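Residue numbers (the deposited numbering), protein chains in the order written: chain A, 1 to 171; chain B, 1 to 171; chain C, 1 to 171; chain D, 1 to 171; chain E, 1 to 171; chain F, 1 to 171. Notes follow once the structure below has been shown.
6 protein chains.
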Amino acid sequence: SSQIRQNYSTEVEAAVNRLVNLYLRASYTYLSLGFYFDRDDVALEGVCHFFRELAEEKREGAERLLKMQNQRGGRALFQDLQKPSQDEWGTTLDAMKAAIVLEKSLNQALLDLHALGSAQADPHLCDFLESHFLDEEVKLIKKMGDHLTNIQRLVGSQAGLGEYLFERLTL
Amino acid sequence: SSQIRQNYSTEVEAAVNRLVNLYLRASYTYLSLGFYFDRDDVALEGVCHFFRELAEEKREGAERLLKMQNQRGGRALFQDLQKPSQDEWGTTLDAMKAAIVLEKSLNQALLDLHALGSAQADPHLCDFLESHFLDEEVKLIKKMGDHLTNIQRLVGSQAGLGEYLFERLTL
Amino acid sequence: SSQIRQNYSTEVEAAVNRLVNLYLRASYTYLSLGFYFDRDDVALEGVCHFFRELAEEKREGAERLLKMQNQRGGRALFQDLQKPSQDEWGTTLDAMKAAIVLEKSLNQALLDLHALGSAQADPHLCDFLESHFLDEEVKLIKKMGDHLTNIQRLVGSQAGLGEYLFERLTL
Amino acid sequence: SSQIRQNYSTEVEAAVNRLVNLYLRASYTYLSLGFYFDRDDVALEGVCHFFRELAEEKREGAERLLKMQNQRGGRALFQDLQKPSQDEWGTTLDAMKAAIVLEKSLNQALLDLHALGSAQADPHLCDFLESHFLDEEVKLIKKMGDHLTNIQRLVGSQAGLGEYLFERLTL
Amino acid sequence: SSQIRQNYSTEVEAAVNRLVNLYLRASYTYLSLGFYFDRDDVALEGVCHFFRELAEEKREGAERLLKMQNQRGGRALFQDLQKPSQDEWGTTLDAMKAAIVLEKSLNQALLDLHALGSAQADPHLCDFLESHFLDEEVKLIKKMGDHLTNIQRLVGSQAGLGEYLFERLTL
Amino acid sequence: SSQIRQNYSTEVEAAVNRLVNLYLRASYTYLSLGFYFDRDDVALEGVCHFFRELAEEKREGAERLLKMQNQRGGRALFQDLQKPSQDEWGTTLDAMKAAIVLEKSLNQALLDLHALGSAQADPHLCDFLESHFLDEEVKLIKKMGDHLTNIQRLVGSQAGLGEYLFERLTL
Ligand SMILES: [Cl-]
Ligand SMILES: [Cl-]
Ligand SMILES: [Cl-]
Ligand SMILES: [Cl-]
Ligand SMILES: [Cl-]
Ligand SMILES: [Cl-]
Ligand SMILES: [Cl-]
Ligand SMILES: [Cl-]
Ligand SMILES: [Cl-]
Ligand SMILES: [Cl-]
Ligand SMILES: [Cl-]
Ligand SMILES: [Cl-]
Ligand SMILES: [Cl-]
Ligand SMILES: [Cl-]
Ligand SMILES: [Cl-]
Ligand SMILES: [Cl-]
Ligand SMILES: [Cl-]
Ligand SMILES: [Cl-]
Ligand SMILES: [Pt+2]
Ligand SMILES: [Pt+2]
Ligand SMILES: [Pt+2]
Ligand SMILES: [Pt+2]
Ligand SMILES: [Pt+2]
Ligand SMILES: [Pt+2]
Ligand SMILES: [Pt+2]
Ligand SMILES: [Pt+2]
Ligand SMILES: [Pt+2]
Ligand SMILES: [Pt+2]
Ligand SMILES: [Pt+2]
Ligand SMILES: [Pt+2]
């Protein structure tokens, strides 16, 4: 019996906890992506930095969700964190394709939560997502899309050259 | 067939990957501890801050291990991350007792790795642990021990008072 | 009969003198590598600078060893310095392959000295190597490994182009 | 039953307490050396300053040992402190010969402790000594050795002159 | 046969040497007090700092006495230094009671020396003590007395609470 | 078939390579001289510094020659570097006598090269030597000559005293 809880459904509380798991999973995926590009046999520093900064962003998104859970009077509940889908991530192109899949999944989870909030008439939740998540995700996905296009135009008949140049001149 | 790998046993490589899992688990434990103390029905800001800063320290220790793995030519391999042992953490005293158990476990894992390194005649590993881990862990455990003692002296016949004062005047 | 010498075996003293010869040889190798890339028919300024800075590093490592020999009460003994293995060093790729061979040899000599120190129960020697040599060598070898990978991806079907780009955009 | 103590043998604990006694004894010896050179019938200010600064260094080394004892969960135990070996210290040459004997004894006690730590598989102790003691002692003994040589070359047929000049121009 | 000695009795010379022993003993007592409060099972940082600063003050008082001995043409003679009276010092209250006993003993030794000086018609000694010791001791004893009173009022029915608060809010 | 080579004889090219060997040999000699004076049983810091700075100067002279070889379109060719003539260098006087012998040999090699250049009508070579070498060598030899004279006047009947004073007051 929380003294502050008001207009905060058990459905939203549960879905926030699920979303925290999804963001921490994504953080973990990006940690693995980063360290893969730091391997001496991969050695793409800008690519490593791109993903390591996304691991931090996703961690921060989970903590924002956790703060909000406590502000609303819900209870944070943590579950096991699955490991990333792959141990090795291929080329930069392969990695950026996996990243945009991942971000699309996070975006769909945000949209689903927003729809739940709207069904539960929880405007504080709706505002929260609008303020801190939805535009961030659109912006990120757009950038990834721009990167994919630049990566793909650089493949040509000289894929290693293009992978180097992209890392050097964009990342 | 790594071009840089030299004097780096498969045994140490594997044990480093295990240690990364242990540090990320500990980070996750401290994240849960922090947010528990941020609950409106717990509300010990200094206690929340103490554990949130340890979550960051343990994450950083895992990334240092991961960097080193790549510097040696080993391969980072990630596993599932188990959730923390508890969902609710009791009093500050309960929490600090759990934290010192946790740190003792990390310290024993560092000592075991050092012993493995010494058995494998891997001085770079031995130096690494000595430089970045072993004294940090001793220092931390000492502080926790000092906190435990101060917490316990404050219990008296007025436990809530003592929990407040400790948070206000030490943390 | 040295007035300061304490716990410093003749075996270690001799092996330090040998190691000085190995570091001065390596310095000399890197001097030759540098000037080869400064030839008007080779003309890779960044490659020349990379090796000239390693010649200085290896010289500095020999002087550190010499200082330490005197601090321990051993006697510096110098031998002839053999010339480098090659007069011309090929491509940047050829040169970086020779450099990583060279650094692996230095690293193995450091590890052998550390093992000797450990057998002689000479912790000051062990600490010395750990403090000033072993991590430096690991770091260097990792960088060389990262460079090799980038060089090799740039070969493609356009090797001169890739050699230029690597020099311009990495070195 | 110490709550923080981990991997810290009673043997090392005891030997640390012994070492504290040895460092405080050495501090006391250097206090006596300093004040002897401040006598109006001795009057070598630079010599007085040299030893008074060593008294402070040895005190500081004992306090570092004491801090470490508490960090490990051992118990500091103090014993009587014997007075210095002499009441009057002769010439600067006599004094510097006594000082290098003293420092050799401290160095041997550090090496013995390191060997004990290594036998007990206590890497934190080994690192501690390596980090704060062993190189300091080697450096100090080297300087003393350099001073002895300069003092001895100045004896000539004019010992008072040489004692003055050394104090004026080196110390 | 000292060339500078004038109006300086053998009685005062001897009593100064005794007083140096008493001040160094007191320094040693305060070193032990300090480190006892730094134990993880005691853990009163402000109490540790209070006594460690007194160890330094008493050392400084011994060196002032030693300087003065040489200025007068007496001869410093050092004796064994007994260990402190206790290995463990109880509560802050116990420790402060021991400290004020100790300071009363030093003060009585200063007063006895002053009386000796007055009997020997040694005004330089009398002035020395008046200038650097007697008011310092009165001031110190007063502070200790103020601390004792505050400590004792805090015992109440909640002694641990009071010991914490005193350390936090006074020391 | 060098695209830039113009008026640069094979005779001069070869003699430049020889001169590089002579300068690197001299650098090596001065490295040995320096470290000999850093021995705890020799211990003449100013003498050590004098020779260590000459080792650097001679290295720099070899690199200038190597740069020039490439600017002219010649090919640097390195040979084995013989060790210095002595392992121990005696007194400062002995060492300064060896140094001036060494510098006279370098100066004669510069003059011989200049004469070769003049015979080959190579004014760029002549200017190079005039600009960067010949006056430097004259200046150096003059200083050494001034030092020798001061050293020799200090021998007297008190050679150690004079060796100390020279190191302290000139070097
Ligand atoms: Cl609900
Ligand atoms: Cl951010
Ligand atoms: Cl999974
Ligand atoms: Cl293996
Ligand atoms: Cl940190
Ligand atoms: Cl679990
Ligand atoms: Cl030996
Ligand atoms: Cl450097
Ligand atoms: Cl050869
Ligand atoms: Cl034990
Ligand atoms: Cl210091
Ligand atoms: Cl005794
Ligand atoms: Cl008298
Ligand atoms: Cl003071
Ligand atoms: Cl006693
Ligand atoms: Cl020709
Ligand atoms: Cl120069
Ligand atoms: Cl030879
Ligand atoms: Pt960035
Ligand atoms: Pt907001
Ligand atoms: Pt903080
Ligand atoms: Pt390190
Ligand atoms: Pt540079
Ligand atoms: Pt060092
Ligand atoms: Pt000083
Ligand atoms: Pt340390
Ligand atoms: Pt203070
Ligand atoms: Pt005064
Ligand atoms: Pt200089
Ligand atoms: Pt020029």
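Where a beta carbon is used, it is the ideal one built from N, C-alpha and C, also for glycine.
- Residue 134 of chain B is positioned such that its CB atom lies no closer than 8 Å to that of residue 22 of chain B.
- The closest heavy atom of ligand 6 lies less than 7 Å from the beta carbon of residue 80 of chain A.
- Less than 8 Å separates the beta-carbon of residue 163 of chain F from that of residue 92 of chain F.
- Near chain B, meaning a CB-to-CB distance below 9 Å, the residues of the segment 153-166 of chain E are 157, 158, 159, 160, 161, 163, 164, 165.
- Proximity of the beta carbon of residue 83 of chain E to ligand 15 is indicated: a heavy atom of the ligand is located closer than 7 Å.
- A distance criterion of 7 Å places the beta-carbon of residue 127 of chain C beyond contact range of ligand 26, judged by its closest non-hydrogen atom.
- Not a single CB atom of chain B sits nearer than 8 Å to the CB of residue 94 of chain A.
- C-alpha of residue 51 of chain C to C-alpha of residue 131 of chain C: approximately 24 Å in a straight line.
- Residues of chain E with a Cβ closer than 7 Å to the Cβ of residue 66 of chain D are, in chain order, 35.
- Taking CB atoms only, residue 84 of chain C has a neighbour in chain F less than 8 Å away.
- Cβ proximity to chain A below 8 Å picks out 2, 3, 4 from the segment 1-23 of chain B.
- Identification of residues in the segment 130-154 of chain B having a C-beta nearer than 7 Å to some C-beta of chain A yields an empty set.
- In the three-state DSSP reduction, residue 81 of chain C falls in the strand class (E or B).
- When rounded, the separation of the alpha-carbon atoms in residue 110 of chain D and residue 101 of chain D is 14 Å.
- Residue selection by CB proximity (closer than 5 Å to any heavy atom of ligand 7) returns C:9, C:10 in chain order.
- Contact annotation for residue 121 of chain D against chain B: 111, 114, 115, 118 [CB-CB distance below 9 Å, chain order].
- Here the alpha carbons of residue 19 of chain D and residue 63 of chain D stand approximately 11 Å from one another.
- Distances between the C-beta of residue 131 of chain E and the heavy atoms of ligand 22 are all 7 Å or more.
- Looking at F:31, F:125, F:66, the one whose alpha-carbon comes closest to that of residue 99 of chain F is F:31.
- If you ignore the 5 residues before and after residue 42 of chain D, its C-beta comes within less than 8 Å of the C-beta of 36, all in its own chain and listed in chain order.
- For the pair residue 80 of chain F and residue 87 of chain F, the Cα-to-Cα distance works out to about 19 Å.
- DSSP places residue 125 of chain A inside the alpha helix (DSSP H), whose first and last residues are 123-129.
- Among the residues of chain D, none has a CB under 9 Å from the CB of residue 101 of chain F; the nearest is roughly 25 Å distant.
- Near chain D, meaning a CB-to-CB distance below 9 Å, no residue of the segment 53-65 of chain B qualifies.
- Chain D places a beta carbon closer than 8 Å to that of residue 73 of chain E, counting this residue as a contact.
- About 21 Å separates the beta carbons of residue 161 of chain F and residue 90 of chain D, which is beyond the 8 Å limit, so they are not a contact pair.
- A residue is called buried once 16 or more other Cβ atoms fall within 10 Å of its Cβ, and residue 69 of chain E is buried on that count.
- Annotated as distal: residue 150 of chain C and residue 128 of chain C, with beta-carbon spacing of 8 Å or more.
- Counting along the chain, residue 112 of chain B sits inside the alpha helix (DSSP H) bounded by residues 92-119.
- With a cutoff of 8 Å on beta-carbon distance, residue 104 of chain C and residue 120 of chain B are scored as not near each other.
- Proximity of the beta carbon of residue 60 of chain E to ligand 14 is indicated: a heavy atom of the ligand is located closer than 7 Å.
- No Cβ of chain C is located within less than 8 Å of the beta carbon of residue 51 of chain F.
- In the displayed model, residue 52 of chain D falls within a helix according to three-state DSSP.
- Not one heavy atom of ligand 25 lies closer than 7 Å to the C-beta of residue 124 of chain E.
- It is roughly 17 Å from the alpha-carbon of residue 73 of chain D to the alpha-carbon of residue 126 of chain D.
- Of all alpha-carbon atoms in C:170, C:142, C:171, the one lying nearest the alpha-carbon of residue 2 of chain B is that of C:142.
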